[PDB]
$ cat upload_32.pdb   # PDB, C-alpha atoms (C1' of nucleotides) and all ligand atoms
MODEL        1
ATOM      1  CA  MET R   8     -41.229  14.207  -2.894
ATOM      2  CA  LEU R   9     -43.595  11.607  -4.406
ATOM      3  CA  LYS R  10     -42.629  12.808  -7.871
ATOM      4  CA  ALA R  11     -41.944   9.678  -9.934
ATOM      5  CA  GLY R  12     -42.178   6.742  -7.519
ATOM      6  CA  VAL R  13     -39.506   4.668  -9.262
ATOM      7  CA  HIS R  14     -37.486   3.465  -6.260
ATOM      8  CA  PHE R  15     -39.657   0.633  -4.967
ATOM      9  CA  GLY R  16     -36.590  -1.569  -4.969
ATOM     10  CA  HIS R  17     -37.487  -4.452  -2.691
ATOM     11  CA  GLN R  18     -33.840  -5.568  -2.842
ATOM     12  CA  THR R  19     -34.723  -9.269  -2.355
ATOM     13  CA  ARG R  20     -37.465 -11.746  -1.451
ATOM     14  CA  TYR R  21     -36.527 -11.817   2.259
ATOM     15  CA  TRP R  22     -36.043  -8.860   4.618
ATOM     16  CA  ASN R  23     -34.277  -7.588   7.731
ATOM     17  CA  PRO R  24     -36.639  -7.636  10.746
ATOM     18  CA  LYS R  25     -35.132  -4.393  12.056
ATOM     19  CA  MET R  26     -36.739  -2.729   9.007
ATOM     20  CA  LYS R  27     -40.303  -3.461  10.149
ATOM     21  CA  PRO R  28     -41.475   0.175  10.627
ATOM     22  CA  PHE R  29     -40.402   1.102   7.083
ATOM     23  CA  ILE R  30     -42.117  -1.494   4.867
ATOM     24  CA  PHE R  31     -45.399  -2.266   3.126
ATOM     25  CA  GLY R  32     -46.612  -5.824   2.626
ATOM     26  CA  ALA R  33     -46.161  -7.273  -0.866
ATOM     27  CA  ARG R  34     -47.773 -10.483  -2.125
ATOM     28  CA  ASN R  35     -45.103 -11.251  -4.758
ATOM     29  CA  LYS R  36     -42.761 -12.618  -2.050
ATOM     30  CA  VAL R  37     -41.124  -9.187  -1.911
ATOM     31  CA  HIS R  38     -41.338  -6.189   0.431
ATOM     32  CA  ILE R  39     -42.492  -2.664  -0.477
ATOM     33  CA  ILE R  40     -40.763   0.444   0.847
ATOM     34  CA  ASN R  41     -43.266   2.859   2.389
ATOM     35  CA  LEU R  42     -42.784   6.272   0.765
ATOM     36  CA  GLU R  43     -44.781   8.014   3.511
ATOM     37  CA  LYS R  44     -41.812   7.667   5.861
ATOM     38  CA  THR R  45     -39.356   8.015   2.960
ATOM     39  CA  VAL R  46     -40.108  11.575   1.840
ATOM     40  CA  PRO R  47     -39.920  13.406   5.222
ATOM     41  CA  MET R  48     -36.770  11.517   6.214
ATOM     42  CA  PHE R  49     -35.099  12.580   2.973
ATOM     43  CA  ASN R  50     -36.201  16.157   3.673
ATOM     44  CA  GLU R  51     -34.661  16.095   7.164
ATOM     45  CA  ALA R  52     -31.373  14.782   5.767
ATOM     46  CA  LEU R  53     -31.280  17.483   3.091
ATOM     47  CA  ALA R  54     -32.030  20.164   5.693
ATOM     48  CA  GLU R  55     -29.217  18.989   7.970
ATOM     49  CA  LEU R  56     -26.808  18.709   5.037
ATOM     50  CA  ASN R  57     -27.638  22.324   4.204
ATOM     51  CA  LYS R  58     -27.082  23.192   7.868
ATOM     52  CA  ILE R  59     -23.577  21.710   7.905
ATOM     53  CA  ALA R  60     -22.522  22.765   4.389
ATOM     54  CA  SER R  61     -22.273  26.433   5.438
ATOM     55  CA  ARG R  62     -18.774  25.873   6.895
ATOM     56  CA  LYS R  63     -17.231  23.891   3.996
ATOM     57  CA  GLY R  64     -17.454  20.567   5.809
ATOM     58  CA  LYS R  65     -16.173  18.455   2.887
ATOM     59  CA  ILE R  66     -19.138  16.162   2.346
ATOM     60  CA  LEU R  67     -18.105  12.744   1.019
ATOM     61  CA  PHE R  68     -20.027  10.745  -1.603
ATOM     62  CA  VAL R  69     -19.355   7.026  -1.151
ATOM     63  CA  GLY R  70     -20.920   4.804  -3.796
ATOM     64  CA  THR R  71     -19.003   1.660  -4.716
ATOM     65  CA  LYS R  72     -21.428  -0.689  -6.481
ATOM     66  CA  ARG R  73     -20.875  -0.670 -10.235
ATOM     67  CA  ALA R  74     -24.312   0.855 -10.824
ATOM     68  CA  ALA R  75     -23.483   4.147  -9.090
ATOM     69  CA  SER R  76     -19.679   4.167  -9.471
ATOM     70  CA  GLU R  77     -19.967   6.781 -12.261
ATOM     71  CA  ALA R  78     -22.961   8.860 -11.165
ATOM     72  CA  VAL R  79     -21.390   9.321  -7.727
ATOM     73  CA  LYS R  80     -18.169  10.649  -9.257
ATOM     74  CA  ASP R  81     -20.142  13.003 -11.483
ATOM     75  CA  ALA R  82     -22.429  14.324  -8.739
ATOM     76  CA  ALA R  83     -19.514  14.816  -6.336
ATOM     77  CA  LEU R  84     -16.431  15.915  -8.296
ATOM     78  CA  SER R  85     -18.040  17.884 -11.100
ATOM     79  CA  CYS R  86     -19.947  20.266  -8.795
ATOM     80  CA  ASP R  87     -18.023  20.992  -5.583
ATOM     81  CA  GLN R  88     -17.190  17.922  -3.537
ATOM     82  CA  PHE R  89     -15.131  14.773  -2.916
ATOM     83  CA  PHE R  90     -15.979  11.128  -3.521
ATOM     84  CA  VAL R  91     -14.918   7.506  -3.106
ATOM     85  CA  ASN R  92     -16.207   5.200  -5.851
ATOM     86  CA  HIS R  93     -13.763   2.276  -5.793
ATOM     87  CA  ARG R  94     -13.016  -0.063  -2.886
ATOM     88  CA  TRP R  95     -12.938   1.691   0.489
ATOM     89  CA  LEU R  96      -9.392   1.273   1.783
ATOM     90  CA  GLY R  97      -9.436  -0.221   5.259
ATOM     91  CA  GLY R  98      -9.146   2.528   7.829
ATOM     92  CA  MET R  99      -8.710   5.393   5.364
ATOM     93  CA  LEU R 100     -10.689   7.565   7.807
ATOM     94  CA  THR R 101      -9.188   6.321  11.082
ATOM     95  CA  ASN R 102      -5.723   5.347   9.794
ATOM     96  CA  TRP R 103      -5.467   8.836   8.358
ATOM     97  CA  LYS R 104      -1.864   9.472   9.411
ATOM     98  CA  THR R 105      -0.785   6.474   7.334
ATOM     99  CA  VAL R 106      -3.175   7.023   4.417
ATOM    100  CA  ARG R 107      -2.059  10.642   3.883
ATOM    101  CA  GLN R 108       1.389   9.418   2.825
ATOM    102  CA  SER R 109      -0.222   7.678  -0.156
ATOM    103  CA  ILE R 110      -1.861  10.915  -1.313
ATOM    104  CA  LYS R 111       1.548  12.556  -0.980
ATOM    105  CA  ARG R 112       2.924   9.935  -3.374
ATOM    106  CA  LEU R 113       0.018  10.473  -5.768
ATOM    107  CA  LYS R 114       0.687  14.218  -5.870
ATOM    108  CA  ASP R 115       4.431  13.714  -6.391
ATOM    109  CA  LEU R 116       3.908  11.177  -9.177
ATOM    110  CA  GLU R 117       1.319  13.408 -10.841
ATOM    111  CA  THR R 118       3.871  16.226 -10.801
ATOM    112  CA  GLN R 119       6.546  13.949 -12.286
ATOM    113  CA  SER R 120       4.219  12.330 -14.857
ATOM    114  CA  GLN R 121       3.577  15.547 -16.824
ATOM    115  CA  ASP R 122       6.926  17.296 -17.381
ATOM    116  CA  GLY R 123       9.073  14.682 -15.653
ATOM    117  CA  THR R 124      10.415  11.315 -16.772
ATOM    118  CA  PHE R 125       9.937  10.127 -20.353
ATOM    119  CA  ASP R 126      13.366   8.635 -21.088
ATOM    120  CA  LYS R 127      15.399   9.245 -17.903
ATOM    121  CA  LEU R 128      15.043   5.567 -16.973
ATOM    122  CA  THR R 129      13.837   2.580 -18.980
ATOM    123  CA  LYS R 130      10.567   2.850 -20.883
ATOM    124  CA  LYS R 131       9.256  -0.215 -19.062
ATOM    125  CA  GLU R 132      10.149   1.469 -15.760
ATOM    126  CA  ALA R 133       8.123   4.500 -16.836
ATOM    127  CA  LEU R 134       5.369   1.990 -17.616
ATOM    128  CA  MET R 135       5.646   0.676 -14.046
ATOM    129  CA  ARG R 136       5.285   4.251 -12.812
ATOM    130  CA  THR R 137       2.201   4.730 -15.002
ATOM    131  CA  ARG R 138       0.708   1.434 -13.808
ATOM    132  CA  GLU R 139       1.115   2.470 -10.182
ATOM    133  CA  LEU R 140      -0.178   5.943 -11.058
ATOM    134  CA  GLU R 141      -3.435   4.550 -12.422
ATOM    135  CA  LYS R 142      -3.747   2.025  -9.580
ATOM    136  CA  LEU R 143      -3.306   4.749  -6.960
ATOM    137  CA  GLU R 144      -5.407   7.353  -8.789
ATOM    138  CA  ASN R 145      -8.508   5.243  -9.379
ATOM    139  CA  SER R 146      -8.527   3.856  -5.826
ATOM    140  CA  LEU R 147      -7.503   7.109  -4.080
ATOM    141  CA  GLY R 148      -9.088   9.827  -6.185
ATOM    142  CA  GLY R 149     -11.140  12.887  -5.311
ATOM    143  CA  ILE R 150     -10.040  12.812  -1.665
ATOM    144  CA  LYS R 151      -6.577  13.860  -2.875
ATOM    145  CA  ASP R 152      -7.310  17.514  -2.026
ATOM    146  CA  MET R 153      -8.748  16.581   1.378
ATOM    147  CA  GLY R 154      -7.383  18.638   4.246
ATOM    148  CA  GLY R 155      -7.971  15.887   6.777
ATOM    149  CA  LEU R 156     -11.033  14.422   8.448
ATOM    150  CA  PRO R 157     -14.379  15.412   6.897
ATOM    151  CA  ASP R 158     -17.527  16.674   8.619
ATOM    152  CA  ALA R 159     -20.214  14.478   7.031
ATOM    153  CA  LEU R 160     -20.464  11.171   5.195
ATOM    154  CA  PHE R 161     -23.058  10.496   2.483
ATOM    155  CA  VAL R 162     -22.951   6.773   1.724
ATOM    156  CA  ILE R 163     -24.892   5.516  -1.290
ATOM    157  CA  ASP R 164     -24.967   1.804  -0.524
ATOM    158  CA  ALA R 165     -26.047   0.670   2.942
ATOM    159  CA  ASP R 166     -24.734  -2.848   3.623
ATOM    160  CA  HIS R 167     -21.936  -2.859   1.032
ATOM    161  CA  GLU R 168     -19.673  -0.550   3.056
ATOM    162  CA  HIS R 169     -20.447  -1.347   6.685
ATOM    163  CA  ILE R 170     -16.775  -0.680   7.412
ATOM    164  CA  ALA R 171     -17.270   2.878   6.138
ATOM    165  CA  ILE R 172     -20.241   3.489   8.433
ATOM    166  CA  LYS R 173     -18.407   1.912  11.379
ATOM    167  CA  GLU R 174     -15.286   3.943  10.584
ATOM    168  CA  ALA R 175     -17.375   7.110  10.690
ATOM    169  CA  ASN R 176     -19.104   5.901  13.870
ATOM    170  CA  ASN R 177     -15.746   5.534  15.617
ATOM    171  CA  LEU R 178     -15.514   9.306  15.137
ATOM    172  CA  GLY R 179     -18.241  11.903  15.524
ATOM    173  CA  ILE R 180     -18.959  12.131  11.796
ATOM    174  CA  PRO R 181     -22.690  12.227  10.956
ATOM    175  CA  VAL R 182     -23.726   9.716   8.300
ATOM    176  CA  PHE R 183     -26.474  10.247   5.720
ATOM    177  CA  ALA R 184     -26.953   6.938   3.926
ATOM    178  CA  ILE R 185     -29.931   5.433   2.161
ATOM    179  CA  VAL R 186     -30.920   2.025   3.509
ATOM    180  CA  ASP R 187     -32.550  -0.824   1.601
ATOM    181  CA  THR R 188     -35.157  -3.287   2.853
ATOM    182  CA  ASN R 189     -32.431  -5.860   3.635
ATOM    183  CA  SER R 190     -29.858  -3.519   5.204
ATOM    184  CA  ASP R 191     -29.220  -2.511   8.827
ATOM    185  CA  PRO R 192     -30.810   0.767  10.024
ATOM    186  CA  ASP R 193     -28.634   1.054  13.154
ATOM    187  CA  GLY R 194     -25.532   3.197  13.484
ATOM    188  CA  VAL R 195     -26.640   5.511  10.658
ATOM    189  CA  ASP R 196     -27.383   9.071  11.761
ATOM    190  CA  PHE R 197     -30.119   9.759   9.184
ATOM    191  CA  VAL R 198     -32.122   6.791   7.919
ATOM    192  CA  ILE R 199     -33.234   7.184   4.303
ATOM    193  CA  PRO R 200     -35.318   4.218   3.091
ATOM    194  CA  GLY R 201     -35.118   3.450  -0.600
ATOM    195  CA  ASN R 202     -33.628   1.336  -3.345
ATOM    196  CA  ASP R 203     -29.952   1.731  -4.208
ATOM    197  CA  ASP R 204     -28.695  -0.730  -6.842
ATOM    198  CA  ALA R 205     -30.517   1.003  -9.687
ATOM    199  CA  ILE R 206     -29.423   3.723 -12.091
ATOM    200  CA  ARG R 207     -32.470   5.958 -11.593
ATOM    201  CA  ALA R 208     -32.565   5.679  -7.802
ATOM    202  CA  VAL R 209     -28.961   6.721  -7.192
ATOM    203  CA  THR R 210     -29.294   9.594  -9.660
ATOM    204  CA  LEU R 211     -32.323  10.910  -7.765
ATOM    205  CA  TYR R 212     -30.397  11.271  -4.499
ATOM    206  CA  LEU R 213     -27.230  12.408  -6.285
ATOM    207  CA  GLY R 214     -29.230  15.202  -7.916
ATOM    208  CA  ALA R 215     -31.118  16.288  -4.811
ATOM    209  CA  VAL R 216     -28.051  16.247  -2.552
ATOM    210  CA  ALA R 217     -25.922  17.918  -5.227
ATOM    211  CA  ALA R 218     -28.399  20.778  -5.618
ATOM    212  CA  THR R 219     -28.664  21.189  -1.846
ATOM    213  CA  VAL R 220     -24.880  21.335  -1.445
ATOM    214  CA  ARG R 221     -24.576  23.778  -4.344
ATOM    215  CA  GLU R 222     -27.094  26.133  -2.747
ATOM    216  CA  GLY R 223     -25.474  25.715   0.669
ATOM    217  CA  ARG R 224     -22.039  26.526  -0.752
ATOM    218  CA  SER R 225     -22.469  30.189   0.221
TER     219      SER R 225
ATOM    220  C1'   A F   1      31.380 -16.450  32.314
ATOM    221  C1'   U F   2      32.969 -13.630  27.085
ATOM    222  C1'   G F   3      34.710 -10.869  22.205
ATOM    223  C1'   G F   4      36.199 -12.047  17.635
ATOM    224  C1'   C F   5      36.198 -15.866  13.949
ATOM    225  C1'   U F   6      33.752 -20.510  11.896
ATOM    226  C1'   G F   7      30.044 -25.087  10.617
ATOM    227  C1'   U F   8      25.012 -26.381  10.258
ATOM    228  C1'   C F   9      19.954 -26.224   8.906
ATOM    229  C1'   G F  10      20.055 -23.633   3.702
ATOM    230  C1'   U F  11      21.172 -20.144  -1.049
ATOM    231  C1'   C F  12      15.952 -22.893   1.848
ATOM    232  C1'   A F  13      12.060 -18.327   0.719
ATOM    233  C1'   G F  14      11.103 -16.936   4.533
ATOM    234  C1'   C F  15      11.444 -13.349   9.375
ATOM    235  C1'   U F  16       9.454  -8.945  11.173
ATOM    236  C1'   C F  17       7.851  -3.668  12.657
ATOM    237  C1'   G F  18       4.552   1.194  12.678
ATOM    238  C1'   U F  19      -0.645   2.748  12.396
ATOM    239  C1'   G F  20      -5.751   0.753  11.931
ATOM    240  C1'   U F  21      -9.341  -3.092  13.078
ATOM    241  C1'   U F  22     -10.943  -8.041  15.740
ATOM    242  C1'   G F  23     -10.926 -10.679  20.731
ATOM    243  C1'   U F  24     -11.892 -10.042  28.191
ATOM    244  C1'   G F  25      -6.887 -12.123  27.019
ATOM    245  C1'   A F  26      -2.819 -15.133  25.158
ATOM    246  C1'   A F  27      -2.989 -13.561  20.167
ATOM    247  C1'   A F  28      -4.963 -12.515  15.029
ATOM    248  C1'   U F  29      -5.190  -9.564  10.492
ATOM    249  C1'   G F  30      -1.278  -7.438   7.033
ATOM    250  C1'   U F  31       1.795 -12.496   5.365
ATOM    251  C1'   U F  32      -5.021 -15.560   3.718
ATOM    252  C1'   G F  33      -7.741 -16.184  -1.224
ATOM    253  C1'   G F  34      -7.690 -17.102  -7.838
ATOM    254  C1'   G F  35      -3.525 -17.651 -11.125
ATOM    255  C1'   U F  36       2.323 -17.650 -11.986
ATOM    256  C1'   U F  37       7.536 -17.842 -11.013
ATOM    257  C1'   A F  38      13.425 -20.674  -9.389
ATOM    258  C1'   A F  39      11.906 -16.882  -5.292
ATOM    259  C1'   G F  40       5.574 -13.605   0.220
ATOM    260  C1'   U F  41       8.746 -13.177  -7.987
ATOM    261  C1'   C F  42       4.377 -10.765 -10.227
ATOM    262  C1'   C F  43      -0.954  -9.563 -11.185
ATOM    263  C1'   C F  44      -5.933  -9.445  -9.547
ATOM    264  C1'   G F  45      -9.315  -9.455  -5.156
ATOM    265  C1'   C F  46      -9.365  -8.152  -0.091
ATOM    266  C1'   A F  47      -9.918  -4.484   7.287
ATOM    267  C1'   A F  48      -6.296  -3.536   5.954
ATOM    268  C1'   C F  49      -2.744   0.782   4.770
ATOM    269  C1'   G F  50       2.729   1.150   4.509
ATOM    270  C1'   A F  51       7.973  -0.029   5.809
ATOM    271  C1'   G F  52      12.473  -2.957   6.893
ATOM    272  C1'   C F  53      15.843  -7.569   6.626
ATOM    273  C1'   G F  54      15.543 -11.427   2.716
ATOM    274  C1'   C F  55      14.820 -12.956  -3.368
ATOM    275  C1'   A F  56      16.170 -10.425  -8.151
ATOM    276  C1'   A F  57      19.421  -6.534  -9.874
ATOM    277  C1'   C F  58      24.251  -3.522  -8.473
ATOM    278  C1'   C F  59      30.080  -6.764  -8.673
ATOM    279  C1'   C F  60      34.328 -10.410 -10.964
ATOM    280  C1'   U F  61      35.190 -14.129 -15.088
ATOM    281  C1'   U F  62      33.536 -16.343 -19.916
ATOM    282  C1'   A F  63      30.508 -16.270 -25.185
ATOM    283  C1'   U F  64      30.343 -11.602 -30.202
ATOM    284  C1'   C F  65      31.755  -7.007 -32.192
ATOM    285  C1'   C F  66      33.836  -1.714 -32.399
ATOM    286  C1'   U F  67      37.714   2.041 -30.895
ATOM    287  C1'   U F  68      43.018   3.341 -28.960
ATOM    288  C1'   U F  69      48.379   1.586 -28.744
ATOM    289  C1'   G F  70      51.843  -1.847 -31.077
ATOM    290  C1'   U F  71      56.865  -4.236 -26.889
ATOM    291  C1'   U F  72      60.256  -8.538 -24.937
ATOM    292  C1'   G F  73      54.149  -9.807 -28.794
ATOM    293  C1'   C F  74      51.758 -10.804 -34.561
ATOM    294  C1'   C F  75      53.161 -12.067 -39.843
ATOM    295  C1'   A F  76      48.136 -10.827 -44.528
ATOM    296  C1'   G F  77      50.410  -8.113 -48.576
ATOM    297  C1'   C F  78      55.943  -6.557 -50.425
ATOM    298  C1'   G F  79      61.850  -7.723 -51.312
ATOM    299  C1'   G F  80      66.575 -11.152 -49.414
ATOM    300  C1'   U F  81      67.729 -15.600 -47.572
TER     301        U F  81
HETATM  302 MG    MG U 301       0.517 -14.106  11.130
HETATM  303 MG    MG U 302       9.611  -9.071  -2.011
ENDMDL
END

$ encode --input "upload_32.pdb" --output "structure tokens" --more "lines below"
Ligand SMILES: [Mg+2]
Ligand SMILES: [Mg+2]
Amino acid sequence: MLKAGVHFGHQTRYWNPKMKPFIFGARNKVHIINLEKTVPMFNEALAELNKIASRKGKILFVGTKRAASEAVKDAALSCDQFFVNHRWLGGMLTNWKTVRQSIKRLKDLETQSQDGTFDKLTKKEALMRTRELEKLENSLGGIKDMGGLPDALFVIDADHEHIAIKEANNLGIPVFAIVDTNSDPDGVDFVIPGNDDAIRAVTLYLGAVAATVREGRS
RNA sequence: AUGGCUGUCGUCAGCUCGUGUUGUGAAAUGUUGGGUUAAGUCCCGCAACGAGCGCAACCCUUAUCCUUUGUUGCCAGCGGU
């Protein structure tokens, strides 16, 4: 709400012409983001997220770029919600019947990796199990407790995970995702202009959204 | 006209299916890409996520040792020839 003004961003020298009504002219061969349309649009998204959080809709925090890959996990897991920080598996939302079998394996291997096998088979075989355990856990993480399809999708990056936005679009899942000056503002339910690939910027949204979801919990 | 049983490509490393996505469609992706192996063998990336038949292992023989038994098999230490 025009507090710090630290998400100018500009994301590149060039632009995306579909982002014309959300920019301010910059002489440094870059493109400003107009905060006047940024603040109210963020407020609308927060209000609708509060609206839908009253039914435990399982909001998803999807930030994959290495800048936000930790802050997203913190702001999602450590408070109430799910997340996807590593590579978005192709079709994990629409090929749900096939993806769920992987989470079943993750749960079984987690059960057998605590009081299970330590010497029953070869130590290198247990190492293979641990290797697969880490590979499956880091890629397929917080969504492990998912009951099925979610209700909302909060996507940190804009262009990085177009397959995530399209996967949500195939269903009737609303999408709240911030959009840079070089991204595509179409197909996203709630346009939020702003910079993404910065530490401060992602933390701003991951704090605001986290507080809103916490207060909408009950 | 067939069953069964064989050779061959070739012991070559390939051949496929389910769901998802792409294309009006035939089809494609998975199975491509950077490395490595004898092998789509393995790892990392990745609109793909998994599974099957293959490869490897599971099997017989050979290279060393330990245990059990000592015949029609053996003769190191003891005595007679
Ligand atoms: Mg093919
Ligand atoms: Mg194989």

$ resolve_selection --input "upload_32.pdb" --expression "the PyMOL selection byres (((not hetatm)) within 9 of (chain U and resi 302))" --output "number ranges by chain"
F: 39-41, 54-55

$ interface_residues --input "upload_32.pdb" --of "chain F" --to "chain R" --cutoff "10 Å" --atoms "all atoms listed in the file" --output "list in words"
residues 18, 19, 20, 21, 46, 47, 48, 49 and 50 of chain F

$ closest_residue --input "upload_32.pdb" --among "F:61, F:6, F:68, F:32" --to "ligand MG 301 (chain U)" --atoms "all atoms listed in the file"
F:32

$ atom_distance --input "upload_32.pdb" --atom1 "CA of residue 182 (chain R)" --atom2 "CA of residue 59 (chain R)"
12.0 Å

$ atom_distance --input "upload_32.pdb" --atom1 "CA of residue 155 (chain R)" --atom2 "CA of residue 65 (chain R)"
9.4 Å

$ resolve_selection --input "upload_32.pdb" --expression "the PyMOL selection byres (((chain R and resi 69) around 8) and not hetatm)" --output "VMD selection string"
chain R and resid 67 to 68 70 to 71 79 90 to 92 160 to 164

$ build_atoms --input "upload_32.pdb" --residues "region 93-113 of chain R" --atoms "N, CA and C atoms" --output "PDB file, in the frame of the given file"
ATOM      1  N   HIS R  93     -14.355   3.603  -5.773  1.00  0.00           N
ATOM      2  CA  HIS R  93     -13.763   2.276  -5.793  1.00  0.00           C
ATOM      3  C   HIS R  93     -13.768   1.699  -4.379  1.00  0.00           C
ATOM      4  N   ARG R  94     -13.020   0.618  -4.174  1.00  0.00           N
ATOM      5  CA  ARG R  94     -13.016  -0.063  -2.886  1.00  0.00           C
ATOM      6  C   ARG R  94     -12.538   0.866  -1.778  1.00  0.00           C
ATOM      7  N   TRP R  95     -13.264   0.858  -0.663  1.00  0.00           N
ATOM      8  CA  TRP R  95     -12.938   1.691   0.489  1.00  0.00           C
ATOM      9  C   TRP R  95     -11.739   1.087   1.202  1.00  0.00           C
ATOM     10  N   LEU R  96     -10.596   1.767   1.130  1.00  0.00           N
ATOM     11  CA  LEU R  96      -9.392   1.273   1.783  1.00  0.00           C
ATOM     12  C   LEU R  96      -9.623   1.158   3.280  1.00  0.00           C
ATOM     13  N   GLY R  97      -9.201   0.037   3.853  1.00  0.00           N
ATOM     14  CA  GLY R  97      -9.436  -0.221   5.259  1.00  0.00           C
ATOM     15  C   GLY R  97      -8.808   0.802   6.178  1.00  0.00           C
ATOM     16  N   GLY R  98      -9.642   1.552   6.888  1.00  0.00           N
ATOM     17  CA  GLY R  98      -9.146   2.528   7.829  1.00  0.00           C
ATOM     18  C   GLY R  98      -8.747   3.858   7.238  1.00  0.00           C
ATOM     19  N   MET R  99      -9.128   4.146   5.993  1.00  0.00           N
ATOM     20  CA  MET R  99      -8.710   5.393   5.364  1.00  0.00           C
ATOM     21  C   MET R  99      -9.176   6.617   6.140  1.00  0.00           C
ATOM     22  N   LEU R 100     -10.207   6.477   6.968  1.00  0.00           N
ATOM     23  CA  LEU R 100     -10.689   7.565   7.807  1.00  0.00           C
ATOM     24  C   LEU R 100     -10.064   7.562   9.194  1.00  0.00           C
ATOM     25  N   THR R 101      -9.778   6.387   9.752  1.00  0.00           N
ATOM     26  CA  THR R 101      -9.188   6.321  11.082  1.00  0.00           C
ATOM     27  C   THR R 101      -7.686   6.079  11.053  1.00  0.00           C
ATOM     28  N   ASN R 102      -7.168   5.427  10.017  1.00  0.00           N
ATOM     29  CA  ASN R 102      -5.723   5.347   9.794  1.00  0.00           C
ATOM     30  C   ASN R 102      -5.284   6.466   8.853  1.00  0.00           C
ATOM     31  N   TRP R 103      -5.707   7.679   9.209  1.00  0.00           N
ATOM     32  CA  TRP R 103      -5.467   8.836   8.358  1.00  0.00           C
ATOM     33  C   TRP R 103      -3.990   9.190   8.283  1.00  0.00           C
ATOM     34  N   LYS R 104      -3.275   9.105   9.406  1.00  0.00           N
ATOM     35  CA  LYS R 104      -1.864   9.472   9.411  1.00  0.00           C
ATOM     36  C   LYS R 104      -1.055   8.598   8.466  1.00  0.00           C
ATOM     37  N   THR R 105      -1.462   7.347   8.280  1.00  0.00           N
ATOM     38  CA  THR R 105      -0.785   6.474   7.334  1.00  0.00           C
ATOM     39  C   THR R 105      -1.306   6.646   5.915  1.00  0.00           C
ATOM     40  N   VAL R 106      -2.611   6.883   5.756  1.00  0.00           N
ATOM     41  CA  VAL R 106      -3.175   7.023   4.417  1.00  0.00           C
ATOM     42  C   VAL R 106      -2.672   8.287   3.727  1.00  0.00           C
ATOM     43  N   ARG R 107      -2.481   9.374   4.479  1.00  0.00           N
ATOM     44  CA  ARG R 107      -2.059  10.642   3.883  1.00  0.00           C
ATOM     45  C   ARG R 107      -0.752  10.507   3.104  1.00  0.00           C
ATOM     46  N   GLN R 108       0.131   9.608   3.535  1.00  0.00           N
ATOM     47  CA  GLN R 108       1.389   9.418   2.825  1.00  0.00           C
ATOM     48  C   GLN R 108       1.161   8.902   1.410  1.00  0.00           C
ATOM     49  N   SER R 109       0.083   8.147   1.191  1.00  0.00           N
ATOM     50  CA  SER R 109      -0.222   7.678  -0.156  1.00  0.00           C
ATOM     51  C   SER R 109      -0.650   8.830  -1.055  1.00  0.00           C
ATOM     52  N   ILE R 110      -1.471   9.744  -0.533  1.00  0.00           N
ATOM     53  CA  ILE R 110      -1.861  10.915  -1.313  1.00  0.00           C
ATOM     54  C   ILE R 110      -0.649  11.777  -1.621  1.00  0.00           C
ATOM     55  N   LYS R 111       0.299  11.859  -0.686  1.00  0.00           N
ATOM     56  CA  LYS R 111       1.548  12.556  -0.980  1.00  0.00           C
ATOM     57  C   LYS R 111       2.241  11.942  -2.191  1.00  0.00           C
ATOM     58  N   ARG R 112       2.311  10.610  -2.237  1.00  0.00           N
ATOM     59  CA  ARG R 112       2.924   9.935  -3.374  1.00  0.00           C
ATOM     60  C   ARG R 112       2.157  10.210  -4.656  1.00  0.00           C
ATOM     61  N   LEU R 113       0.824  10.205  -4.581  1.00  0.00           N
ATOM     62  CA  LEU R 113       0.018  10.473  -5.768  1.00  0.00           C
ATOM     63  C   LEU R 113       0.300  11.865  -6.312  1.00  0.00           C
TER      64      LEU R 113
END
